[PDB]
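To keep things clear, I will list the structure first and then write my remarks on it.
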Amino acid sequence: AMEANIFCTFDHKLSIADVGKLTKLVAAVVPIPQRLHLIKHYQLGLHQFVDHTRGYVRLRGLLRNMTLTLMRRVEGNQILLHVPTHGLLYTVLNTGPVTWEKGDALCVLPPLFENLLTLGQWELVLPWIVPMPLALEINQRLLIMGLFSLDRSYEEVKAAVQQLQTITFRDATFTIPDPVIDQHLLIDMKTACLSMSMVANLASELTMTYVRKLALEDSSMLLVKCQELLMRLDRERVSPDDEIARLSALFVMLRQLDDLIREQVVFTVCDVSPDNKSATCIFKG
Amino acid sequence: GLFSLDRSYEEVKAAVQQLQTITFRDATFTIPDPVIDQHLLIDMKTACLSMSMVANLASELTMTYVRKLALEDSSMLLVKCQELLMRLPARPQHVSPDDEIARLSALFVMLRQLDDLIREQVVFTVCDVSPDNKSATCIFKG
Amino acid sequence: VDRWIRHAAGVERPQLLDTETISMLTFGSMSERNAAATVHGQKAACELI
Amino acid sequence: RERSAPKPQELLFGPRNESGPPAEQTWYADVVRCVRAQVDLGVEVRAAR
Amino acid sequence: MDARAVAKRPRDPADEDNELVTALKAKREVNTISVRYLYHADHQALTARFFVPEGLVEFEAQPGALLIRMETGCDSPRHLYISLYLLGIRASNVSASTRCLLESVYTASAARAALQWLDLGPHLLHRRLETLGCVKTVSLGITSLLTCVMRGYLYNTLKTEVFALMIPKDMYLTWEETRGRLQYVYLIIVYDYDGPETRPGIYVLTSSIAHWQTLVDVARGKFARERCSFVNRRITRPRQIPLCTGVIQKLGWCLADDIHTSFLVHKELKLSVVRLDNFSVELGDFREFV
Amino acid sequence: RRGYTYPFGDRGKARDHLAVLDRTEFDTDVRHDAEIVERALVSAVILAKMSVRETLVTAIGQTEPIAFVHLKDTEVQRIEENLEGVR
Amino acid sequence: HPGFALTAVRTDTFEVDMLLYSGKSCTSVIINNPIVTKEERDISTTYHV
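Chains as they are written, first to last, in the deposited numbering: chain P, 3 to 115, 122 to 245, 259 to 306; chain B, 154 to 241, 253 to 306; chain A, 1127 to 1175; chain Y, 447 to 495; chain X, 1 to 290; chain U, 89 to 175; chain V, 1029 to 1077.
Below, the structure is given as structure tokens:
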């Protein structure tokens, strides 16, 4: 009896070298846009989304929605993909740039940097599998690096940017690409930075009005401390429709950041080979 | 809940009238009995605390990004964005990537605290639909 | 004095992090590298009394 | 009170850490009340920070 | 596909003969190895094997110990595997007498190294810890081997005995008078921001609440003083950028009637514990709250 | 304190010069001031040159000359005039 | 000559072949049939005998 699997057919002629290349990846995580029984090879990987005017954060948002699946068997005329289920253990390949340890929690990221299966115009772009603290560090460093975009003229800013790019994890050192290209920032990262700054600016002025009203009632002596902190901050430096608009804008700009703000674990590892390229881990979704 | 504080009673009624109605995905819904009480009060307190901490933590770079961007960019998004703000060459007065990293790290925790009170736990994730919208197949979680 | 003595004896000055110090104190480390070539066996190191 | 900070060796090996003074002290006090003249001499009290 | 194929109920995993028996029957060849029954073939729990030095294995000889992975900040061991009991030393929640007892128990170089590494760095405690699960085996030696489950019940080879989860009594926490029938158990680390340095509190909470927001509201009610301390440090001590007042991690579920009080014996010393008889592990990640 | 936070490309030699700077103090021997000052000044100039990442001397048996970094020329000559007046 | 002498000690390791004698039925061994324990992973399963 078989297990349930998803069939993928390549709409391109394959040489023996190509299929020999595919069977090397017999445990890699392949993202798929929809849970569908039969698919064409164009749907594999991230190549379908690649764009010139968009960058990392939009790819992160799209990867949030895609379905993760593991390549299970390679044959002529077709590929077998297995979609994992919550609570079971599976074998995955360490295609990322960093070695793993037992007990690590892994999360999936768009690739930052050998090429695989260059067909006529399509490439098998697999994502990065990375331990969670490294992903948090990468997200924060990239967001800050985009925040310095307007100040790039000065040498001090350039030195800070170069320091931000170079990141070291266990036994591995690598540099992440600068989200500024041709002295300009892509629209998605621009929206992210603008949202962060807008949330900060709006909160700064909105907070005091409600804090001073609510702290008088406070039975937990904490809101008075918040008021005092705001007063110190201020000393270091309206129609109801406008107030409603500002509150709604604060909350809508808050929602824009949830892709950057939080991330979810997909695998937790408990086995590693000396061959460490592969590991066995349980799936969480 | 937040607007109800210190606002006049009649304009509170008007705001509740305009806010309670929602248009989503080409349909109109209205919230029944939007009472303000202790249950909303605790959420208001946590929101105020989180906003205070966000305002305290945010670096000067974060605050000044929007102001600096408007000097050389121009878009509908930006002009609609800057209408909400209070109306007021150079180099950054202080550059310190380590401080920026730590500050952003704490600010993420505070933003999560603020986000949680409007977030609702996902119970189902759907990938199918009956073309009459009456039924769908979903994955259960939570 | 430390610099002069270390130069005379032919020894490099140690540098270690506190975490590395703790690990070395507890578990030990193989801090001495192998020679370029060995025609004889292991170093039967002599300890002086 | 004035001994130097322990090195990693003594923390890892050998005896326990030398205990400091207890946090709660014993004091004696004289209490003088004015509204009806009354002075209580030599009362024992416990003081903590 | 046909009607009889659809009607056919699925094969019983227990009435089909396994692969090795299939091959031996196919060739009709005998083998010395007993093959008819495969052990652990029907264990639904997921387990892993961990190596740990002799000094660290104490109170984890008995099954049911919670196993944590700690970061050393070094490349030579990189990670160490420690129990909740060892964290009992550092926690302010534990009483003086119990602290003295289980400090006298862990008088080994490896345990002291773990404590020095824990206190050495500038990070908060929870950033240095990763939870693995509960242990149920021991093979003693200069290097000991522990097998730990990370999803499932605790039981031996034939399921002839189910193991409990042991929590030291000072770390046990309840917030309801009458227990709900189903109980979820959480791990809490809470930081007190006094003058010199942060003193962490460590708890294991048993609660009927599964919703995150309600649980965090109850926790914020119970830990008001630490939140006040967090804000006070934020005011008095700028350029110190603290994060979090506490973290909450979910690990497991058990029935209220399974909860009992008991003691543990090691080198004729008695430690008192709370005992979750039919505990099954289900790990989450650390979620932080303010 | 300001040199600690600068994003230097090579933190090692920067930390060495920071150490020699922060160790400096005067021992109230009226004759010892000049050499202490010279040591502090050469370390500080090395740090400033690295920050602007202008080239710096490396020949053995030789040390970085003491001079102002990127200072306005007129202010430089005014400072020289003041120092001559002191002399 | 400095005013002191020193005695050196070193240990050498030789590789040798051992010879063993034991009497008839000097000990009895008690065994059972080998047992198979199954450990399952997605790509491959391992059986412990």
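In this text, a Cβ means the ideal position worked out from N, Cα and C, and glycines have one as well.
Interface annotation, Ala6(P): not in contact with chain U, CB-CB separation never under 7 Å. Per DSSP, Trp136(P) lies in no alpha helix (DSSP H); the unbroken beta strand (DSSP E) holding it starts and ends at 136-139.
Interface annotation, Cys109(P): not in contact with chain X, CB-CB separation never under 7 Å. Closer than 8 Å at the C-beta level to chain Y, one finds these residues of the stretch 1136-1165 of chain A: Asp1144, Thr1147, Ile1148, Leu1151, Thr1152.
Annotation: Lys160(U) to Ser139(U) spans about 18 Å, alpha carbon to alpha carbon. If you draw a straight line from the Cα of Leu230(P) to the Cα of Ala266(B), it is about 24 Å long.
In the three-state scheme derived from DSSP, where H, G and I count as helix and E and B as strand, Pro168(X) is classed as strand.
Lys166(B) and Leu215(X) have their C-alpha atoms some 33 Å from each other. The CB of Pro261(B) comes closer than 8 Å to the CB of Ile152, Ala168, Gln171, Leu172 in chain P, given here in chain order. Taking the Cβ atoms as the reference, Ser34(X) lies roughly 6 Å from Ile1063(V), within the contact range of under 8 Å. Take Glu126(U), set aside five residues on each side of it, and the residues of its chain with a beta-carbon closer than 8 Å to its own are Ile154, in chain order. Boundaries of the alpha helix (DSSP H) around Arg103(U): 99-111. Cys10(P) places its beta carbon 7 Å or farther from that of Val286(P).
Separation of the CB atoms of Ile259(X) and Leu276(X) is rounded to 6 Å, and the pair is thereby assigned contact status at 8 Å. Taking a C-beta cut-off of 7 Å against chain V, the contacting residues of the stretch 76-94 of chain P are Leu91, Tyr92, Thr93, listed in chain order. For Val110(P), the enclosing beta strand (DSSP E) starts and ends at 107-111. Uninterrupted alpha helix (DSSP H) stretches at least 4 residues long and entirely within the stretch 1137-1170 of chain A occur at 1144-1153, given in chain order. Linking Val28(P) to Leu124(P) through their CA atoms gives a straight-line distance of about 13 Å. Residue contact check for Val286(B) against chain X: no CB pair falls below 7 Å.
A Cβ-Cβ contact shorter than 7 Å links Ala45(X) with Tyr153(X).
Counting every other CB atom within 10 Å of its CB across the protein chains shown gives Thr206(X) a total of 16 or more, marking it as buried. Under the Cβ criterion of 7 Å, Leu46(X) is counted among the residues facing chain P.
When C-beta distances to chain B are compared with 8 Å, the residues of the stretch 200-211 of chain P below that value are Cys201, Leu202, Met204, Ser205, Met206, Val207, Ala208, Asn209, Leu210, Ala211, in chain order. Between the beta-carbon of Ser144(X) and that of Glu58(X) there is about 10 Å, and that puts the pair past the 8 Å contact cut. Per the Cβ contact rule, the stretch 94-111 of chain U is not in contact with the stretch 159-179 of chain B (fewer than 3 Cβ pairs under 8 Å).
Listed along the chain, the chain X residues whose CB falls inside 8 Å of the CB of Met274(B) are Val290.
Positions of the beta strand (DSSP E) runs, each at least 3 residues long and wholly inside the stretch 170-239 of chain X, are given as 172-174, 182-192, 199-207 in order along the chain. Nearest CB-CB separation between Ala1170(A) and chain V: below the 7 Å threshold.
Contact annotation for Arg160(B) against chain P: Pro261 [CB-CB distance below 7 Å, chain order]. Here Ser139(U) carries a helix assignment [DSSP, helix/strand/coil].
Taken through DSSP and simplified to helix, strand or coil, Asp1128(A) comes out as helix. The criterion of a C-beta distance shorter than 7 Å is satisfied by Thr97(P) and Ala30(P). Contact with chain A is absent for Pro452(Y), since none of that chain's Cβ atoms lies less than 7 Å from the residue's Cβ. Counting C-beta pairs with one atom in each stretch, the stretch 114-131 of chain X and the stretch 77-93 of chain X have three or more that are closer than 8 Å, which means they touch.
Using a C-beta cut-off of 8 Å, the stretch 180-191 of chain B makes no contact with the stretch 143-158 of chain P, since fewer than three inter-stretch Cβ pairs fall below that distance.
When the five nearest sequence neighbours on each side are left out, the beta carbons in the same chain lying within less than 7 Å of the beta carbon of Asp196(P) are those of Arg56, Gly57, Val59, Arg60, in order along the chain.
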